[PDB]
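Colleague: File name coords.pdb; file contents PDB, C-alpha atoms; full text below.
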ATOM      1  CA  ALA A   1      -8.798  28.359-121.891  1.00  0.00           C
ATOM      2  CA  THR A   2      -9.163  26.484-118.594  1.00  0.00           C
ATOM      3  CA  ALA A   3     -11.310  28.301-115.961  1.00  0.00           C
ATOM      4  CA  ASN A   4      -9.238  29.779-113.149  1.00  0.00           C
ATOM      5  CA  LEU A   5     -11.201  27.851-110.489  1.00  0.00           C
ATOM      6  CA  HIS A   6     -10.068  24.560-112.149  1.00  0.00           C
ATOM      7  CA  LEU A   7      -6.481  25.777-112.409  1.00  0.00           C
ATOM      8  CA  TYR A   8      -6.674  26.736-108.691  1.00  0.00           C
ATOM      9  CA  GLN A   9      -7.823  23.173-107.878  1.00  0.00           C
ATOM     10  CA  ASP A  10      -4.979  21.718-110.036  1.00  0.00           C
ATOM     11  CA  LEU A  11      -2.468  23.924-108.268  1.00  0.00           C
ATOM     12  CA  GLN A  12      -3.913  22.995-104.853  1.00  0.00           C
ATOM     13  CA  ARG A  13      -3.266  19.331-105.670  1.00  0.00           C
ATOM     14  CA  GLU A  14       0.273  19.921-106.947  1.00  0.00           C
ATOM     15  CA  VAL A  15       1.248  22.173-104.000  1.00  0.00           C
ATOM     16  CA  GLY A  16      -0.078  19.523-101.609  1.00  0.00           C
ATOM     17  CA  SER A  17       2.180  17.021-103.419  1.00  0.00           C
ATOM     18  CA  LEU A  18       5.140  19.438-103.322  1.00  0.00           C
ATOM     19  CA  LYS A  19       4.742  19.718 -99.523  1.00  0.00           C
ATOM     20  CA  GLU A  20       4.814  15.895 -99.261  1.00  0.00           C
ATOM     21  CA  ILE A  21       7.888  15.808-101.534  1.00  0.00           C
ATOM     22  CA  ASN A  22       9.532  18.494 -99.375  1.00  0.00           C
ATOM     23  CA  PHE A  23       8.950  16.477 -96.209  1.00  0.00           C
ATOM     24  CA  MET A  24      10.197  13.216 -97.776  1.00  0.00           C
ATOM     25  CA  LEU A  25      13.295  14.937 -99.189  1.00  0.00           C
ATOM     26  CA  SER A  26      13.992  16.382 -95.691  1.00  0.00           C
ATOM     27  CA  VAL A  27      13.979  12.816 -94.306  1.00  0.00           C
ATOM     28  CA  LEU A  28      16.255  11.585 -97.117  1.00  0.00           C
ATOM     29  CA  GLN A  29      18.552  14.615 -96.677  1.00  0.00           C
ATOM     30  CA  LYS A  30      19.073  13.691 -93.011  1.00  0.00           C
ATOM     31  CA  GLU A  31      19.585  10.017 -93.919  1.00  0.00           C
ATOM     32  CA  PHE A  32      22.390  10.959 -96.368  1.00  0.00           C
ATOM     33  CA  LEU A  33      23.992  13.283 -93.782  1.00  0.00           C
ATOM     34  CA  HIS A  34      24.146  10.262 -91.446  1.00  0.00           C
ATOM     35  CA  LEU A  35      25.480   8.021 -94.246  1.00  0.00           C
ATOM     36  CA  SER A  36      28.103  10.609 -95.220  1.00  0.00           C
ATOM     37  CA  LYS A  37      29.546  10.658 -91.680  1.00  0.00           C
ATOM     38  CA  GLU A  38      29.202   6.889 -91.110  1.00  0.00           C
ATOM     39  CA  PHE A  39      31.239   6.172 -94.286  1.00  0.00           C
ATOM     40  CA  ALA A  40      33.705   9.088 -94.197  1.00  0.00           C
ATOM     41  CA  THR A  41      36.617   6.755 -93.215  1.00  0.00           C
ATOM     42  CA  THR A  42      35.334   3.551 -95.052  1.00  0.00           C
ATOM     43  CA  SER A  43      34.214   4.796 -98.542  1.00  0.00           C
ATOM     44  CA  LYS A  44      35.284   8.323 -99.504  1.00  0.00           C
ATOM     45  CA  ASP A  45      33.258   8.223-102.783  1.00  0.00           C
ATOM     46  CA  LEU A  46      30.057   7.123-100.975  1.00  0.00           C
ATOM     47  CA  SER A  47      30.663   9.768 -98.307  1.00  0.00           C
ATOM     48  CA  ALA A  48      31.080  12.548-100.947  1.00  0.00           C
ATOM     49  CA  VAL A  49      27.947  11.589-102.946  1.00  0.00           C
ATOM     50  CA  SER A  50      25.996  11.396 -99.662  1.00  0.00           C
ATOM     51  CA  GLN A  51      27.157  14.927 -98.731  1.00  0.00           C
ATOM     52  CA  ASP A  52      26.008  15.989-102.242  1.00  0.00           C
ATOM     53  CA  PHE A  53      22.465  14.765-101.478  1.00  0.00           C
ATOM     54  CA  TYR A  54      22.574  16.704 -98.195  1.00  0.00           C
ATOM     55  CA  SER A  55      23.687  19.879-100.014  1.00  0.00           C
ATOM     56  CA  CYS A  56      21.415  19.696-103.090  1.00  0.00           C
ATOM     57  CA  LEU A  57      18.283  19.152-100.887  1.00  0.00           C
ATOM     58  CA  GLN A  58      19.054  22.264 -98.720  1.00  0.00           C
ATOM     59  CA  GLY A  59      16.263  24.842 -98.947  1.00  0.00           C
ATOM     60  CA  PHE A  60      13.991  22.620-101.102  1.00  0.00           C
ATOM     61  CA  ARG A  61      10.829  24.382 -99.721  1.00  0.00           C
ATOM     62  CA  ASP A  62      12.203  27.652-101.156  1.00  0.00           C
ATOM     63  CA  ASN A  63      12.369  25.985-104.650  1.00  0.00           C
ATOM     64  CA  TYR A  64       8.519  25.923-104.974  1.00  0.00           C
ATOM     65  CA  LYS A  65       7.610  29.069-102.971  1.00  0.00           C
ATOM     66  CA  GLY A  66       6.164  30.817-106.053  1.00  0.00           C
ATOM     67  CA  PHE A  67       3.594  28.023-106.535  1.00  0.00           C
ATOM     68  CA  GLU A  68       2.680  28.030-102.846  1.00  0.00           C
ATOM     69  CA  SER A  69       2.400  31.837-102.975  1.00  0.00           C
ATOM     70  CA  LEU A  70       0.200  31.714-106.137  1.00  0.00           C
ATOM     71  CA  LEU A  71      -2.163  29.248-104.482  1.00  0.00           C
ATOM     72  CA  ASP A  72      -2.369  31.580-101.423  1.00  0.00           C
ATOM     73  CA  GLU A  73      -3.262  34.586-103.718  1.00  0.00           C
ATOM     74  CA  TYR A  74      -6.441  33.019-105.211  1.00  0.00           C
ATOM     75  CA  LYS A  75      -9.009  33.415-102.316  1.00  0.00           C
ATOM     76  CA  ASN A  76      -9.438  37.269-102.377  1.00  0.00           C
ATOM     77  CA  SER A  77      -7.724  37.768-105.789  1.00  0.00           C
ATOM     78  CA  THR A  78      -8.079  40.416-108.503  1.00  0.00           C
ATOM     79  CA  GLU A  79      -8.655  39.546-112.185  1.00  0.00           C
ATOM     80  CA  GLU A  80      -5.121  40.801-112.940  1.00  0.00           C
ATOM     81  CA  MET A  81      -3.519  38.557-110.313  1.00  0.00           C
ATOM     82  CA  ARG A  82      -5.449  35.564-111.681  1.00  0.00           C
ATOM     83  CA  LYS A  83      -3.618  35.954-115.037  1.00  0.00           C
ATOM     84  CA  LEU A  84      -0.669  34.299-113.194  1.00  0.00           C
ATOM     85  CA  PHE A  85      -2.700  31.035-113.141  1.00  0.00           C
ATOM     86  CA  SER A  86      -1.109  29.795-116.433  1.00  0.00           C
ATOM     87  CA  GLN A  87      -2.540  26.442-117.684  1.00  0.00           C
ATOM     88  CA  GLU A  88       0.805  25.726-119.508  1.00  0.00           C
ATOM     89  CA  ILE A  89       2.943  26.318-116.378  1.00  0.00           C
ATOM     90  CA  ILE A  90       0.562  24.395-114.053  1.00  0.00           C
ATOM     91  CA  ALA A  91       0.620  21.444-116.553  1.00  0.00           C
ATOM     92  CA  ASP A  92       4.471  21.685-116.588  1.00  0.00           C
ATOM     93  CA  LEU A  93       4.472  21.600-112.746  1.00  0.00           C
ATOM     94  CA  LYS A  94       2.465  18.364-112.829  1.00  0.00           C
ATOM     95  CA  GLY A  95       5.401  16.726-114.736  1.00  0.00           C
ATOM     96  CA  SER A  96       7.960  18.042-112.195  1.00  0.00           C
ATOM     97  CA  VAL A  97       5.920  16.709-109.266  1.00  0.00           C
ATOM     98  CA  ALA A  98       5.602  13.250-110.865  1.00  0.00           C
ATOM     99  CA  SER A  99       9.327  13.095-111.650  1.00  0.00           C
ATOM    100  CA  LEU A 100      10.317  14.135-108.107  1.00  0.00           C
ATOM    101  CA  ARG A 101       8.002  11.501-106.629  1.00  0.00           C
ATOM    102  CA  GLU A 102       9.650   8.835-108.808  1.00  0.00           C
ATOM    103  CA  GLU A 103      13.175   9.998-107.794  1.00  0.00           C
ATOM    104  CA  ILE A 104      12.087   9.600-104.137  1.00  0.00           C
ATOM    105  CA  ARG A 105      10.734   6.129-104.891  1.00  0.00           C
ATOM    106  CA  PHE A 106      14.128   5.026-106.309  1.00  0.00           C
ATOM    107  CA  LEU A 107      16.212   6.753-103.630  1.00  0.00           C
ATOM    108  CA  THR A 108      14.200   5.585-100.592  1.00  0.00           C
ATOM    109  CA  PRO A 109      15.809   2.144-100.080  1.00  0.00           C
ATOM    110  CA  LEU A 110      19.372   2.994-101.068  1.00  0.00           C
ATOM    111  CA  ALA A 111      20.961   4.287 -97.820  1.00  0.00           C
ATOM    112  CA  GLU A 112      19.907   1.201 -95.804  1.00  0.00           C
ATOM    113  CA  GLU A 113      20.877  -1.032 -98.813  1.00  0.00           C
ATOM    114  CA  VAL A 114      24.415   0.478 -98.689  1.00  0.00           C
ATOM    115  CA  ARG A 115      24.538  -0.172 -94.925  1.00  0.00           C
ATOM    116  CA  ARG A 116      23.369  -3.777 -95.517  1.00  0.00           C
ATOM    117  CA  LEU A 117      26.006  -4.368 -98.223  1.00  0.00           C
ATOM    118  CA  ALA A 118      28.814  -2.827 -96.116  1.00  0.00           C
ATOM    119  CA  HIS A 119      27.861  -4.895 -93.021  1.00  0.00           C
ATOM    120  CA  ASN A 120      28.188  -8.046 -95.261  1.00  0.00           C
ATOM    121  CA  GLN A 121      31.577  -6.959 -96.775  1.00  0.00           C
ATOM    122  CA  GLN A 122      29.899  -6.649-100.206  1.00  0.00           C
ATOM    123  CA  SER A 123      30.840  -4.183-102.973  1.00  0.00           C
ATOM    124  CA  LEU A 124      29.351  -0.648-102.899  1.00  0.00           C
ATOM    125  CA  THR A 125      30.483   0.180-106.482  1.00  0.00           C
ATOM    126  CA  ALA A 126      27.076  -0.327-108.174  1.00  0.00           C
ATOM    127  CA  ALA A 127      25.207   1.416-105.319  1.00  0.00           C
ATOM    128  CA  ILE A 128      27.524   4.439-105.481  1.00  0.00           C
ATOM    129  CA  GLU A 129      26.990   4.712-109.272  1.00  0.00           C
ATOM    130  CA  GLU A 130      23.202   4.537-108.801  1.00  0.00           C
ATOM    131  CA  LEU A 131      23.387   7.273-106.148  1.00  0.00           C
ATOM    132  CA  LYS A 132      25.418   9.552-108.427  1.00  0.00           C
ATOM    133  CA  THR A 133      22.872   9.007-111.234  1.00  0.00           C
ATOM    134  CA  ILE A 134      19.898   9.853-108.977  1.00  0.00           C
ATOM    135  CA  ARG A 135      21.767  12.891-107.566  1.00  0.00           C
ATOM    136  CA  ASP A 136      22.259  14.187-111.120  1.00  0.00           C
ATOM    137  CA  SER A 137      18.586  13.594-112.025  1.00  0.00           C
ATOM    138  CA  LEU A 138      17.369  15.227-108.885  1.00  0.00           C
ATOM    139  CA  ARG A 139      19.609  18.307-109.374  1.00  0.00           C
ATOM    140  CA  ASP A 140      18.167  18.658-112.915  1.00  0.00           C
ATOM    141  CA  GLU A 141      14.552  18.392-111.679  1.00  0.00           C
ATOM    142  CA  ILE A 142      15.077  20.807-108.732  1.00  0.00           C
ATOM    143  CA  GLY A 143      16.704  23.361-111.094  1.00  0.00           C
ATOM    144  CA  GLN A 144      13.740  23.210-113.507  1.00  0.00           C
ATOM    145  CA  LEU A 145      11.204  23.575-110.648  1.00  0.00           C
ATOM    146  CA  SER A 146      13.210  26.400-108.948  1.00  0.00           C
ATOM    147  CA  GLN A 147      13.310  28.475-112.148  1.00  0.00           C
ATOM    148  CA  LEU A 148       9.483  28.236-112.640  1.00  0.00           C
ATOM    149  CA  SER A 149       8.941  29.050-108.927  1.00  0.00           C
ATOM    150  CA  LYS A 150      11.316  32.020-108.805  1.00  0.00           C
ATOM    151  CA  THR A 151       9.670  33.559-111.883  1.00  0.00           C
ATOM    152  CA  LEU A 152       6.260  33.280-110.190  1.00  0.00           C
ATOM    153  CA  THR A 153       7.562  34.721-106.902  1.00  0.00           C
ATOM    154  CA  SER A 154       8.847  37.775-108.796  1.00  0.00           C
ATOM    155  CA  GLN A 155       5.559  38.274-110.673  1.00  0.00           C
ATOM    156  CA  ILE A 156       3.322  37.808-107.621  1.00  0.00           C
ATOM    157  CA  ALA A 157       5.493  40.077-105.442  1.00  0.00           C
ATOM    158  CA  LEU A 158       5.295  42.915-107.994  1.00  0.00           C
ATOM    159  CA  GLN A 159       1.526  42.542-108.530  1.00  0.00           C
ATOM    160  CA  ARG A 160       0.886  42.368-104.780  1.00  0.00           C
ATOM    161  CA  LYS A 161       2.928  45.536-104.203  1.00  0.00           C
ATOM    162  CA  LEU A 162       1.006  47.277-107.019  1.00  0.00           C
ATOM    163  CA  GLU A 163      -2.387  46.271-105.595  1.00  0.00           C
ATOM    164  CA  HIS A 164      -1.354  47.385-102.074  1.00  0.00           C
ATOM    165  CA  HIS A 165      -0.120  50.729-103.483  1.00  0.00           C
ATOM    166  CA  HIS A 166      -3.696  51.446-104.627  1.00  0.00           C
ATOM    167  CA  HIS A 167      -4.854  51.322-100.937  1.00  0.00           C
ATOM    168  CA  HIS A 168      -3.385  54.817-100.447  1.00  0.00           C
ATOM    169  CA  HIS A 169      -6.862  56.068-101.507  1.00  0.00           C
TER     170      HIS A 169
END
What does this structure look like when you write it as structure tokens?
Modeller:
Amino acid sequence: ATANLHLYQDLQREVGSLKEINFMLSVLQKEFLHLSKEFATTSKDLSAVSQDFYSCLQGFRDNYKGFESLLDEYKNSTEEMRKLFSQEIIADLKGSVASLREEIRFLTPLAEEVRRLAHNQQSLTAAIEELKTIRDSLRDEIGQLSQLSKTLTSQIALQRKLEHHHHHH
């Protein structure tokens, strides 16, 4: 089994990446709020998908809180708490992080590409379809991450309460 210090270092790397992903998704969220309002009277379908990006990216930081919390538990940890450093779940997280980074890569140019097309009286049909496809992929990835994170939050919270309870004596 992988040493807990190495799993801590793996988690440190992935939580650092999650914080970058969170920041980049906050920028993209705001960009799609703008796009949604800009296009509300010009392209109802573009406006609706743009509002969907705004909505599905709400509270993204909360969707990895269990990982961030786990990382924060290592420094002065008990042996029991360190059982929550699961090599399978940290390896699974690495896949989520990579997939989210790639979704960002594909999404990054698309709002200003829509604006460019619209300013030139060009069709938005293909762009709208691409946006709906990325929205669906991103919802799937965020759901998978959120479930892993929420499980960890529950486990850490209970173990922390238990360890604090022992300080009655």
Colleague: Name the residues that the PyMOL selection byres ((chain A and resi 9) around 12) pulls out of this structure, and write them as a PDB file with C-alpha atoms, in the coordinates of the input.
Modeller:
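Dumped to result-v1.pdb:
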ATOM      1  CA  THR A   2      -9.163  26.484-118.594  1.00  0.00           C
ATOM      2  CA  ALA A   3     -11.310  28.301-115.961  1.00  0.00           C
ATOM      3  CA  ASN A   4      -9.238  29.779-113.149  1.00  0.00           C
ATOM      4  CA  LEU A   5     -11.201  27.851-110.489  1.00  0.00           C
ATOM      5  CA  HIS A   6     -10.068  24.560-112.149  1.00  0.00           C
ATOM      6  CA  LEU A   7      -6.481  25.777-112.409  1.00  0.00           C
ATOM      7  CA  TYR A   8      -6.674  26.736-108.691  1.00  0.00           C
ATOM      8  CA  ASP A  10      -4.979  21.718-110.036  1.00  0.00           C
ATOM      9  CA  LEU A  11      -2.468  23.924-108.268  1.00  0.00           C
ATOM     10  CA  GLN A  12      -3.913  22.995-104.853  1.00  0.00           C
ATOM     11  CA  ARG A  13      -3.266  19.331-105.670  1.00  0.00           C
ATOM     12  CA  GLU A  14       0.273  19.921-106.947  1.00  0.00           C
ATOM     13  CA  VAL A  15       1.248  22.173-104.000  1.00  0.00           C
ATOM     14  CA  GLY A  16      -0.078  19.523-101.609  1.00  0.00           C
ATOM     15  CA  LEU A  70       0.200  31.714-106.137  1.00  0.00           C
ATOM     16  CA  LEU A  71      -2.163  29.248-104.482  1.00  0.00           C
ATOM     17  CA  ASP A  72      -2.369  31.580-101.423  1.00  0.00           C
ATOM     18  CA  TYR A  74      -6.441  33.019-105.211  1.00  0.00           C
ATOM     19  CA  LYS A  75      -9.009  33.415-102.316  1.00  0.00           C
ATOM     20  CA  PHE A  85      -2.700  31.035-113.141  1.00  0.00           C
ATOM     21  CA  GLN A  87      -2.540  26.442-117.684  1.00  0.00           C
ATOM     22  CA  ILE A  90       0.562  24.395-114.053  1.00  0.00           C
TER      23      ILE A  90
END
Colleague: Can you tell me, as a PyMOL selection string, what residues are no more than 12 Å from residue 37 of chain A when counting all atoms listed in the file, ignoring any on the same chain fewer than 4 positions away?
Modeller: chain A and resi 30-33+41-51+54
Colleague: Name the residues captured by the PyMOL selection byres ((chain A and resi 24) around 12) when it is applied to the shown file; answer as a PyMOL selection string.
Modeller: chain A and resi 17-23+25-31+57+60-61+100-105+107-108
Colleague: Counting only C-alpha atoms, find residues at most 6 Å from (2.1, 35.2, -109.2) (file frame) and give them as a PDB file with C-alpha atoms, in the frame of the given file.
Modeller:
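Written out: point-v4.pdb:
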ATOM      1  CA  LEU A  70       0.200  31.714-106.137  1.00  0.00           C
ATOM      2  CA  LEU A  84      -0.669  34.299-113.194  1.00  0.00           C
ATOM      3  CA  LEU A 152       6.260  33.280-110.190  1.00  0.00           C
ATOM      4  CA  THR A 153       7.562  34.721-106.902  1.00  0.00           C
ATOM      5  CA  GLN A 155       5.559  38.274-110.673  1.00  0.00           C
ATOM      6  CA  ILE A 156       3.322  37.808-107.621  1.00  0.00           C
TER       7      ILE A 156
END
Colleague: Mind telling me what the PyMOL selection byres ((chain A and resi 133-150) around 9) catches here, as a ChimeraX atom specification?
Modeller: /A:49,52-53,56-57,60,62-68,89,93,96-97,99-100,103,106-107,128-132,151-155
Colleague: Atom CA of residue 120 of chain A and atom CA of residue 39 of chain A are how many Å apart?
Modeller: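 These two atoms are separated by 14.6 Å.
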Colleague: Can I get the residues of segment 52-136 of chain A within 12 Å of segment 162-168 of chain A, each with the closest pair of atoms and their distance in Å to one decimal, using only C-alpha atoms, sorted chain first then ascending number, as a tab-separated table?
Modeller:
residue	atom	partner	partner_atom	distance
A:73	CA	A:163	CA	11.9
A:76	CA	A:163	CA	11.9
A:77	CA	A:163	CA	10.0
A:78	CA	A:163	CA	8.7
A:79	CA	A:163	CA	11.3
A:80	CA	A:163	CA	9.6
A:81	CA	A:163	CA	9.1
Colleague: So for segment 94-110 of chain A, what box centre and size do we get, axis-aligned, 6 Å extra on each of the six sides, every listed atom, Å to one decimal, as AutoDock Vina command-line options?
Modeller:
--center_x 10.9 --center_y 10.3 --center_z -107.4 --size_x 28.9 --size_y 28.2 --size_z 26.7
Colleague: Please indicate the distance in Å from atom CA of residue 124 of chain A to atom CA of residue 58 of chain A, rounded to one decimal place.
Modeller: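 Atom CA of residue 58 of chain A lies 25.5 Å from atom CA of residue 124 of chain A.
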Colleague: Can you tell me how far atom CA of residue 36 of chain A sits from atom CA of residue 59 of chain A, in Å to one decimal?
Modeller: 18.9 Å
